[PDB]
Each structure stands twice: as structure tokens, then as C-alpha cells.
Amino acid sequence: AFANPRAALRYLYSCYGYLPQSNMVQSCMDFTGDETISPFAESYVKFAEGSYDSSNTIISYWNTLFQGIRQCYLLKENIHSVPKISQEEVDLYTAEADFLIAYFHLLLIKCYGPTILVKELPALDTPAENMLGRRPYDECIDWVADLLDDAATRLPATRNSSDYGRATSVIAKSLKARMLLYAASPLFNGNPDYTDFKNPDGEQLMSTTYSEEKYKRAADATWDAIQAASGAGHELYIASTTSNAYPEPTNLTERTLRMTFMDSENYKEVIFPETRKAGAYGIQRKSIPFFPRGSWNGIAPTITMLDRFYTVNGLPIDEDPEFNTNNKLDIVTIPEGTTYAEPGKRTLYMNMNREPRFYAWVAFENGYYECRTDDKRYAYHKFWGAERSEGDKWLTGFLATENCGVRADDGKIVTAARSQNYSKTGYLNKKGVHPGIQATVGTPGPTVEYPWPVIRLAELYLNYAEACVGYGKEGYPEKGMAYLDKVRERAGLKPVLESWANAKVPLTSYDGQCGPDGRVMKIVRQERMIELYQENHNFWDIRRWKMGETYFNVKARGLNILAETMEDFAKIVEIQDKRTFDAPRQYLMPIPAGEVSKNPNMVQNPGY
């Protein structure tokens, strides 16, 4: 177990193994909140349904992460003792074990708010059984930030290939920054919902007064993280213009956005990779055009999510005078020369003239899906005539009688609409789907695997912008907004002030429009909702912004997927899958009921 240095290393990897595997779609808690909907009945869906309380926790970080923390303290206890172990190995594995303790607690704070602080190896199985009590939120934040800072001084700035996925100082700084931004957010920073949220002895657990200083702290920490990341070689991904084995997508901006974290020739944007394999049941085979049993045509962007993408002018659809929201469902003819949809076919108005990120990441009526097949069956069948680019991209039709629609089968239409492996909305996801994926009748792993981006540099840029705008003073907004404009520029857009010059209500300066409730913050938040689409942020961002009732207590919407004509397709229907959110209770997850029973000083989260 600690019998030799190799055994010790396998043990450090077991500690890492207790981290939630965020790219394991069937088992993660936070795949999405409201961005996509699917017919696969994964565990995360139970959170979307609102079906969690102290007796039905679904996924209990409280249990699993505490066990991970214990293992880290064991490694720390026993590492000096391993035969033949070097001081180099002792220092590094200890640093990584300390990092993990911090990160496990960061995850607890994210999920539960106030947490126990495990400061030493715990002897009993659960926090309450060790008679640990929850500490004020700000105390927990400050403790974890200190441990991350200290671990950072003892970690390398990058990992070698064999160690990829393991901790670095850049990761530690980036996690600290993110956590501090969360602490400054409406849910945690002077939130009136929590005035009486106290331990049984009366100790107040949540800050009661809003502090602008919390945003400044987050902004300074995000600046530290950005400087560390750029010092270590990280940059925003831009696609190569040279030929490679994967020619689609061909539009260079769409390709840049599609391949941000999936192009192994340039992973420099990725700061924290999740290198455990997502496997067959991950995002790729669940998103691609129908061909069972390896191609499931299921992860479908919702209307709410589609409405978040910008127009081609980098503006919200309800702020761009050149986009008529009254006409979203109008049927239009795709003109000659259109590169993201088939000339001469028809589609809905709201699918045209959107920003590159829309075409990079959304499949829609008579747009294209860059993917492959090992057999021209089902959606890839010659019958449909959807093959393009010598088999590297495919025309997607979502009417019931078209290749990606509910009555389609192997080169033929069938009477019944299927109830499995279909798009509930009339759209499909393309983000995180490598264009080299091969549809197939089997159920192997995806053709090309890649690490999932737990942290990537564009998130740091948006975190900085958010914190700078939230603070709103001392010249911070201008500094942070410049980094948000770099994200926009990479996505083919103009800077904010250039784009909002022509908005329905123009914005010509940040002055007097900052702070967490102003126009500039609204711009930041929507940019984040787009840029980080389907990367496990929505679930937590909607919560920290206190927008849980607005978005998570509303059923998803889609187009009329039973339609056999474009005219009947162009109608928005409510999807009846349960979607509920009880505010403020469900902003935080429930402490397991038994924990509050075992330790009198343990308090449940409000409302549970």
C-alpha cells in the first residue's frame, strides 16, 4: 500500500480518483442545468427535475469528497515512511495531496456553502461522526485560499506528458480565483436570504452585508492566475490554417471555436484537464446523427439556450435592430453562398445570421454536422442524400421524416416516432464532439478522445471581467473588459463598446454602468453563458447569480419535432420533462439527513 514508491504513486492517483469525473456524463452532477435536454436519464437529470432533499441526495459530495480528503491525509501521514522514496517524491506527492485537500473543500463550498474544515486525518467515516461542525462561509473560503496558495509554492507550473491531469501552481491559482469570484456573487455576498442561517449556537454562517471588496479580491486573484497561466505558455486557441487529418469544419472561425479544447496539436488554452476517459456514453456519441447503437442523436440544445447566442453583430437577439425576434419562426430560403447551411433549402429565420459560436456548436435544420460514419446507414444512408465533404460533414434534417428526426430509421421512414435516441428540441449539440467521430452500429469508445477542460484560459478572462465589473471602481472595469473583448475577438466578434454602439439601447461607456446590477454585468454574464456553453458551468453560475427561479423552475422548450412539414415544425412546444427549482432552498445541496442527527452542532442547509 505504501510498500514502495510505485505503490505510493498509485495511491496518489487513487486520491485524484475521488474527484468527480466531470466528463462522465452518466455520473456527473452538473452536466447542464438548462442548456440541453436529452432522453438518456442520467443522474444529472434528477437535479434538473428538482428531486433532491436530505433523504434523497442523488450524488452526495458530502460523502465521496470527505473520503477523498481522508486518503490525502493518509498519504501525507505515511509518505516519508515509504522505502526508497526520495525527498523530491515526498515533497511533490505531499504538495499534490495538499492541493487535493484544498480542491475537495472547494468543491464542498461550491455545493454546500458552509462546510466542515478537515484539518487533520479523520478517523471516522463521515464528517458528523468525527463531530466536525460547519464553519462560516467566509472562514472556509479563506482557509482553502490559504491552502491553495501554499500548495502553489510547492508545485510545478506545468506537467510532463505522463503526469498530465495532475496539479500545477497555475491550476491552484486558477481555482482560488474562481472560488473567490463565486464568494463575491449574489448568492454568497451579503445575500438577504441567509440573514438567519446560523449554527445551533447562534454563530452566523453567511455574510450579512454586501462587500464590494470581495469582487476586488477576486479580480486581483484572477489577475494572478492570468499572469501565471500566460507565464506558463497558455493562450487562447486559434485554429491552424494548415491541412490536417480532420478537414471539417472548414470555416476558420467555426473551426477555432469547435476545436478550442479538442485539438491535440494545440491544447495551450487548457489549464486543468480531466484526463479520465469519458467513454462511449459521453458527450460525443450522445450528440451525433442517428445510427444505433453507437450514434444516438440525443443531446439537444433548448430554445432558452439557443436564444442566448448572439447575432452576427455580437449582440443579443433582442438588442440587435437588424434581427427581428418576431420573425424567429419564419421559414426562409437559404441563399446562394451561405456557408453554414445548404443553399436552396429552407430553415427557420432564427437559425440564420447568428454568431460563429452558434454554427460551431449547434446543429439545426439544414445546417451541417461535421462527423463521420463507418457505414452509410440510418442518418448517413444514401437514401437521405445528406453526405457532404466526402463523408466528413452531413446535412441535418429534423422534421420527423428527415434523417435526424423521430420517424427516421435505416434509409427509410417508419410509422412510429421513436422514444429513444432522438432530439427533443429539433437541434443537436456539436460542442465537444470531435469531427473525427465515427458513427457505428457497435458501442465502442469515441474514435478520438480528448481531455475535458475543467479550466481553460477563456474562463479566466471572463472571471476577470466579471470581478472587475462587479467591483466597478479604481479603473478595474476597463482592465477586465479588455480581456472579455479578447474572448469576443477570438469568437469572430467586435469589442463590446463597438458592438453595443448599434444596439437598440446603445452603450457607449462603462462609466456608471458597472457593479453587479448594471448593464455591463448583464453583458459579462451573457458572454459567459455563451462561451462556456455545456462545460459544466451553467448549473453553478445560474445558482450563484440567484437566477434559479428564472431558469431552473421552467420547463425546457423545443420545436415541434413531430412535424412532417416545415410549416408545422416552426412552432415552439413545451417539453413536459419535470424541471423544478425551489428558491432559495435549492441554491445549495442538502446535507445528508443522518449527519444532522449525529452531531448536534451540525446544521442543515436552509429549507431542507
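Residues carry their position along the shown sequence, with the first being 1.
Visitor: Could you settle it for me: does 593 to 601 or 20 to 28 have the higher average Cα B factor in the PDB entry?
Guide: Taking the mean B-factor of the alpha carbons in each, 593 to 601 is higher.
Visitor: Quick one: say whether 139 to 147 or 172 to 180 has the higher mean Cα B-factor in the deposited entry.
Guide: Between 172 to 180 and 139 to 147, it is 139 to 147 that shows the higher mean C-alpha B-factor.
Visitor: Would you mind checking which of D577, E564, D34, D582 has the top Cα temperature factor in the PDB entry?
Guide: That would be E564, according to the entry.
Visitor: Whose CA atom has the top B-factor in the entry, of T195, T253, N366, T158?
Guide: That would be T195.
Visitor: So where's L399 on the chain's Cα temperature factor ranking, which third?
Guide: For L399, the deposited C-alpha B-factor lands in the middle third.
Visitor: Ranking every modelled residue in this chain by its Cα temperature factor as given in the entry, which third contains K546?
Guide: It belongs to the lowest third of the chain when residues are ordered by C-alpha B-factor.
Visitor: Place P301 in the lowest, middle or highest third of its chain's C-alpha B-factors, as listed in the PDB entry.
Guide: CA B-factor rank for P301: lowest third.
Visitor: Give the position of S54 by CA B-factor within its chain, expressed as the lowest, middle or highest third.
Guide: For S54, whose C-alpha B-factor we compare with every modelled residue in the chain, the answer is the middle third.
Visitor: Grab the CA temperature factor for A232 from the record and place it in the lowest, middle or highest third of its chain.
Guide: Ranked within chain, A232 CA B lands in the middle tercile.
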